[PDB]
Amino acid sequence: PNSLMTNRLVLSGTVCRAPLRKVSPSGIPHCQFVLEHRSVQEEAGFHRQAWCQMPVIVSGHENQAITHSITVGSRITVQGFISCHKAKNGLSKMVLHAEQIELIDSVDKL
């Protein structure tokens, strides 16, 4: 079955929305923020500008550990899987479920 399950997104950007923590009805912690991405990517041999404000979410207690040093303005690289909602629109509600976060301006040391 897992042949058609590939789902992985790696995206760098600047946190433009301060990381807000919410707790699910069951008491599960979550961290939400928006990542502003701006770059130039390779397309058919040419250079194409790519822009996106990607909402991100870090779900789970232990996963919260990777969001303790981020704030508005932080430049990072999020890796995880995407999920969407119908949103009554042609793909409107997209979200990156973060599994790993890297602070590009740091050396792993908090």
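Start at 1 and count along the sequence shown; that's the residue number.
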query	finding
Coordinates lacking for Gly90, a third or more of other entries	yes
Given 79-87 and 44-52, the range whose Cα B-factors average higher in the PDB entry	79-87
Residue stretch of maximal mean CA temperature factor, 88-96 vs 14-22	88-96
Assigned third (lowest, middle, highest) for the C-alpha B factor of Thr6	middle
